[PDB]
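Just the one chain here, laid out as structure tokens, in the form deposited in one PDB entry.
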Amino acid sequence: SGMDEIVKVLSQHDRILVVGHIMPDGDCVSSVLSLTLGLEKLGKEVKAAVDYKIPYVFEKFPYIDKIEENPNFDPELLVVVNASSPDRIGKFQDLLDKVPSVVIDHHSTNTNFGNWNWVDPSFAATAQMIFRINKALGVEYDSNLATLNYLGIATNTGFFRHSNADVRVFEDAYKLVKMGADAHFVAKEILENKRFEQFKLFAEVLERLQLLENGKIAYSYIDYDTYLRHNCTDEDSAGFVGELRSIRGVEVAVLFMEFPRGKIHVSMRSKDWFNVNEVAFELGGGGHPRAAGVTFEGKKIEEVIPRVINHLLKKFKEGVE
């Protein structure tokens, strides 16, 4: 339930598979690698896995190749990090009935699907919880480990810009930079790594932009054929919904992205007050008050857009009193 029990369980087991969520992000990579490396420093036999391609922006990060897609491994313990439901780890959810499991997560909707669960939504990033676990285990940080742990705190707060960048976030960042975290490397690789093809793709997104409610709601979409024409994938569009939110006067931005064929990811971002996690959760996804999402399979963009936007529109209009 709490950190102390999870530390004990981690200490009790030797052969550990650490698993993160599909469509991984910086906090997934950060949490998986920081815990994996910490456990290896203790002398444990560990592998790391995500049922998804790792985005190109992580290619230069130290030890990124320890995250596998198809590990061959006989674990005594499964550790699932940064993932709110079993569906979020893809094919590794088949291990949940076979191998004892620990969940470590900061999402408030986490279904507590492990044998042991430490879920604390007062953190901005699961990487903050791994930092505390590692310190409680006595793991000594070098600059690479500090850089890897800094990654998730930076990305989940928008590099200290979002509503979740509180005192504890800045304190953790300071501690990690003091330990040698390369904050410039992290920002360069995540934020200054744009393929030029992105700009043309984003122009098409602006072309298709739709405005509702005096311009306070904005949404657009990228169908699969459009990714193809621009020689782009979902890795290329990762910053787009935040760019739509940055438009003056917009309170909610929504981007629908079909990649690969038939899989529609819906990203939602809000600015001052609208709780987008409430919309996402009711649609079957999850997230946070200012950033949330949901994913559909086998469905048509002509049906997802009205279903999502009509539900969002209703909840937005109700949010006035």
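If you superpose the two forms and keep the largest set of C-alpha atoms that fall within 1.5 Å, you have the rigid core. Start at 1 and count along the sequence shown; that's the residue number.
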If you average the CA temperature factors as listed in the entry, which stretch comes out higher, 299 to 307 or 10 to 18? 299 to 307
Going by the average Cα B-factor in the PDB entry, point out whether 199 to 207 or 186 to 194 comes out higher. 199 to 207
For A124, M179, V99, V241, the deposited C-alpha B-factor is largest at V99
Reading the B-factor column for Cα atoms of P289, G26, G262, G293, the highest value belongs to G262
By the record's CA B-factor, is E251 among the lowest, middle or highest third of residues in the chain? middle
Within this chain, which third does the Cα B-factor at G285 fall in: lowest, middle or highest? middle
If you rank every modelled residue in this chain by C-alpha B factor, which third holds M257: lowest, middle or highest? highest
Sorting the chain's modelled residues by C-alpha B-factor, tell me whether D142 ends up in the lowest, middle or highest third. lowest
Please rank the C-alpha B-factors of the chain's modelled residues and tell me whether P55 sits in the lowest, middle or highest third. middle
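The form deposited in another entry exists for this protein as well; it is not shown, and the discussion that follows is about that form.
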Would you say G285 moves its Cα by 2 Å or more between this form and the one not shown, aligning on the core? yes
Once the core is aligned, please say if the CA of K60 is shifted by at least 2 angstroms between this form and the one not shown. no
Rigid core superposition, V308 Cα moves 2 angstroms or more between this form and the one not shown: yes
